[PDB]
Amino acid sequence: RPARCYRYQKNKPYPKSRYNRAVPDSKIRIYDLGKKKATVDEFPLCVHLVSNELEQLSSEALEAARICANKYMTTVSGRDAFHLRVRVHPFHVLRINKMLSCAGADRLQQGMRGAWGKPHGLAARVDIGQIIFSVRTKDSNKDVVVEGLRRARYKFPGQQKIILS
Amino acid sequence: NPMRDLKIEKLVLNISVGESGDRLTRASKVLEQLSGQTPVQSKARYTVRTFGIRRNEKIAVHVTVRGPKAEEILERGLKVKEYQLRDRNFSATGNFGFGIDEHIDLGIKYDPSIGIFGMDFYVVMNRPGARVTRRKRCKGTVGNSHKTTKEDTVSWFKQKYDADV
Amino acid sequence: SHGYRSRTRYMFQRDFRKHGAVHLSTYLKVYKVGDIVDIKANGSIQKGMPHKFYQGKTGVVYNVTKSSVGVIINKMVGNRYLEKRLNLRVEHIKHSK
Amino acid sequence: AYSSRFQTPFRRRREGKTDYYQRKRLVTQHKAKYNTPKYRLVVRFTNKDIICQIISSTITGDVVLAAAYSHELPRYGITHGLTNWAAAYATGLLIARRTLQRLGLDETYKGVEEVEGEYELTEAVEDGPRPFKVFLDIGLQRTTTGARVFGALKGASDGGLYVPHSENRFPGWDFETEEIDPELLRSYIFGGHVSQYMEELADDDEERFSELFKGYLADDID
RNA sequence: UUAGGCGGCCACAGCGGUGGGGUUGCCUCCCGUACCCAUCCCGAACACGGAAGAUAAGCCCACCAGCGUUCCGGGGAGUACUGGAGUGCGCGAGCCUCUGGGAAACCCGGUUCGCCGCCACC
RNA sequence: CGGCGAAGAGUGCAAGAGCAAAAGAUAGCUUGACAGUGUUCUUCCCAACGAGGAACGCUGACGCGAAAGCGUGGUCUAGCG
RNA sequence: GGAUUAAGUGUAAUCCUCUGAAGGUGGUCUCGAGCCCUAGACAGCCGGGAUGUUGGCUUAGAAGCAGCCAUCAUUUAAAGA
RNA sequence: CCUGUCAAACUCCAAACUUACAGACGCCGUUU
C-alpha cells in the first residue's frame, strides 16, 4: 500500500514461474463460491461486475473485495442459492525497487541494470470491459447480489459498473 | 469354421526375477529338459534396492513355444497348480496366467506382466487368420468380432484334459 | 551465443507440416549463368547454407564452385555494393517472379 | 483427414508403394535407358510369384521397357512353383535378355551417346562392357543374404546388364548354382534347398531349370 | 490400369465408419527354407524359392460428415484495430469526425472422405 | 511368451534449431580428425580492421560402397591467442 | 441561428509547467427510462387507519410487524390474523 | 462431461508493416 505504481500496465509479460520464485501466496480465497456443481446458470436475474477501466488489481485488491462481497451474499442463507464466480487470476507478478538495476522510477533501481525489483505481490489485470466476477440466482430479493458488488466495487482501483442483468 | 476355432499359439514359460543360476548356471536347468528350448533374457531398471543395480541383467526369463512343442507341455502343465484354474483368472482376449495382482502402474505399456500362474505360464489364445495383426506388413487389426472371448477361451482347453473349475 | 545459429527463431525454423527431409528435386535443380534466384534457407537442410543475414534477397547466379552454385545475393547489400559472396546450394530455392 | 493442423506426408505414401528416403537413393545415379527421374531394376515379391521390371521414371509414368515375372515363364521352360528362388533367377535373367539388351538396355540410344567416348556394337561391347547398368532397388523389402531379391539381380546381371551390387550378399550358387565353378560365365539355376529335402525320394527336379537357363542364353523368341 | 511402379502439392489428402472386387492378368495374404542373406533368440522381420488355397486383412472402387482440416455464403462486422489529417470534444484517461485499409472468436448453411504428373498394363 | 503401444524411451555438454528405409540403434570395416593450395562468408549488417571460425572448390593420396556417392572430425551455432 | 451552464464552473491545445480521484443546488434549460391517469390519477390532494383476538406456538416479552405454524370467521361500504 | 482463466523467453493461426529483386509511372541524369 498504497497501490499506485502497481496497477498500471507499463510493463510487459510474466508471470513465469520458471523465471521467478519467492512469489507471495495469494490471499484471495477460492474462486468458486456459492453452491458450485449444479449449473447456477439456470437462473433469473443476471450479472454484474464490469471493470470499466484498465488494469492490474492485486490479490490484495481482490480477496477483500470479493469475500467482502460474499459476506454480504451470506444473506441468502448460507448454502442456499447462487454461485459466485471470479474471473481472472492474479497471475502477473510485480517487482519493486531493489536498489541495483537502474534509477528513478520503479522497475529501475540504482546503477544500471542489476536488481530488478524483488518479487512482492501479484495482480491480475483487466481491460476496459471485462466481467470481474459474476454470477446470480433468481431474484432472491430486490437484488442482494446487486447490493453485493456495491461493496465489491469500492475496493478496486477501477470504477466498476453494476451492469444490469 | 475350423478357422474360427481357437488353438494355442505361442506360450512360453518364464521364471522369476533376480539373478538366475546364482551358485552356478542353474535355474535355466529347470526350463531345461522342460519345454525343449532354453531361453534367457535380460532386464533394464538399474537401481533396485534389493535387487541389482546392474543394468544389462542376467535375469532368467525364458521359453516360448510353437506348435506342437507347447502341446506336449501345456500337457502335464495345466493339471498342475490351479486352485482356480480359470474364471476371473483370465480375461478378455482369451487366455491368461495370473494370481493376485498388486497396485502397480499398469495399462499404459505393451503390457508384459509380472503375473504368475504356475512359474508364470503364458497361454495365449488366438483363433484365426491372426498372424495378421502380429505380422509386419499391412498389420490389420483383430476384428473385435473374430476375437477370442473368455467364455470361448474357457472352453477348448477344459474340454480337454482338465476341468475349468 | 554468437554463431551461425544466432537469433533466428522463426526465420530459420520450419514447423509442423513441413518437417523432416525435403524433396531432392529442389536440391538437384540447376541454374545457369545470370538467372535471378531468390535466397532463403529452407529448414531441414544442413548444407549449402548461406549466412542468416542476407537471406530473402535475390542475387544473380554466376558460375558454380564445387557442389554449390555461385549465386547468393550477388545483389547489393543494403543500399550498397553488389559485393557478393555466394555459396548457396540449389537447396536454397531459385527462380524469379 | 484431421483438424488439418497436421500435414500428412503422403503421396506415394499414405498407402505404401514407394519409399522415400530410398528411391531417392536410387535416382541420383542416373540410370535407366536414359536419364531418369527414377530408375531401377525393380524386384518385387509376391506370394507365388516374382516380378522384375526395369525403367526410368517419367513425370507421370514410371514406365518399364521390359519385364519378366516368372509366370510367363514358362513361355518355354517349365511348369513348377514360381515361389522359390530358382524360378526367380530365371526371371531377373529372363527380364535380362529383354530389358537387358533387347528393346535397349543400359543407356543406349539413337544419336551420339552420352558424353564420353562410348560406342556399343553387337558382340562384346568395345571400350568395356562396363557401361551397361541399372540399379536394382528392392522396393519395401528386407535385404537378406541369398534372397530372391538378390537372386533376381544375379540373372539380370549375366544377362548383359551390369548392375552394382555386392557379391557375398548373394546365395552363392547351390541354392542357385553355376553349372561349372571354374567358369563364372554360364547361365545357371539351381534349386538346392528344396532339393535334398528328400534325398531324391521323388518329386522335385532341380535338373529341370538348368534346362530353362540353357534356353535363355541363346537366340530365343522374345 | 476390373487392383501396378515412381512421384508432385504435402490433412481439401487426417480419424472413424458402410458397401463392392479377383480367384489361374495384377497387388497381397499365402506356402516353404536347399541355396545368397538374416534374427544379441525366433525364415516373425530381413533374404531367397514357390503357387495348394483365399479376397478375410491390405490394396483398388463407390460412399457416409460424427471429429479434425480447407474454402465459401450469410450474420457477427465495416464492429475490434489501424496509415494520413483536424484551433472537433473531454479536467483528464480518453473520445470523435474526415480519408484510406480492415480482423478474430463464435453461430447457421454449404464445401472437403484428395487433386495432379510420368510410366507400365485387357 | 503373447498383446496393446507414432514415440511419452536418441543424437557428449546451454539454449534454440535439424533429423525416421536417418543425422538415431545395432554390427562390421576404416582412419578424411590426411597433405598442399584456393574461392567465399563470417569475425566487423550496412562499412575499413587481425587472430580465430565456417561454407564451398581444386591438386595429391586414401577409406567404405554394387554404384551414384559420402568422408575437408563429432547435425548446427561456444571450446580461443 | 440554436441550446446548455450559475459554479466566475470556464475564459488553460500540447507540458516539470494547464491538476484533480475513488461539497452542495425543486435556479433554469434540454434529453431519456419506469410506473400511474377521464373505469378520474398527484395534491394527486383531503379525511379515516371494525369484532372473535393479545390467533396458536415460542419467549422475560412476542399484542398485525424477532421467529415458527395457521391465515379462518364475523360485521361490513370497506378493512390483511 | 459441464464449467473458470493465462504467457517476454507458448503457437493450430495471423496482420498493418518493414524488406531483396524486377517491370511500370513518376522524378532525375547524359554542355548542370
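Residues numbered from 1 in each chain as written, not as in the entry; some residues may be left out. Chains lettered and ligands numbered in written order. Part of a larger assembly, values for the part shown. Heavy atoms only, no water.

What the entry reports as its method is cryo-EM, with 11.7 Å given for the resolution.

Q: Looking at this structure, how should I read the protein's contact with RNA strand F?
A: Surveying the vicinity of RNA strand F reveals 54 residues, the closest of which are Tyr110(B), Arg5(C), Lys66(C), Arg80(C) and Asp19(D). The share of sugar and phosphate among atoms of RNA strand F within 4 Å of the protein is 60%. Here a phosphate oxygen of RNA strand F and a backbone polar atom of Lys84(C) are 3.1 Å apart. Within the contact set of RNA strand F, a base nitrogen lies 3.1 Å away from a backbone nitrogen or oxygen of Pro164(D). In terms of residue class, the surface near RNA strand F is built from 18 nonpolar, 22 polar and 14 charged. (Near = heavy atom within 4 Å. Polar contact = N/O pair within 3.5 Å; in protein donor to acceptor, adjacent residues only side chain to side chain. Nonpolar A, V, L, I, M, F, W, Y, C, P; charged D, E, K, R; others polar.)

Q: So what exactly am I meant to see when it comes to the packing of aromatic side chains here?
A: Summed over all chains, the structure comprises five aromatic pairs over all chains. Ring plane angle 45° and centroid distance 5.6 Å describe the contact between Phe157(B) and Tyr161(B), whose orientation is recorded as tilted. Since its relative accessible area comes to 13%, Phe157(B) is described here as buried. Looking at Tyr161(B), the relative accessible area reads 29%, which means it is partly exposed. Taking the centre distance of 4.7 Å and the plane angle of 35° together, the rings of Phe16(C) and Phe6(D) count as tilted. With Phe16(C) in the segment before β1 (36-37) and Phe6(D) in the segment before α1 (25-28), the pair connects residues from two separate chains. Given the relative accessible area of 48%, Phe6(D) is considered partly exposed. By the ring-pair criterion, three or more aromatic residues cluster together here, those being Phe16(C), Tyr2(D) and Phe6(D). Residue placement shows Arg55(B) over the ring face of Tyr46(B); its charged tip is 4.6 Å from the ring centre. (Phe/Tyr/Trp six-rings, centres within 6.5 Å; stacked < 30°, edge-to-face > 60°. Buried < 20%, exposed > 50% of the residue type's maximum accessible area, 1.4 Å probe, protein only. Helix = DSSP H or I, 4+ residues; strand = E, 2+ residues; numbered from the N terminus. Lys NZ or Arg CZ within 6 Å of the ring centre and 35° of its normal.)

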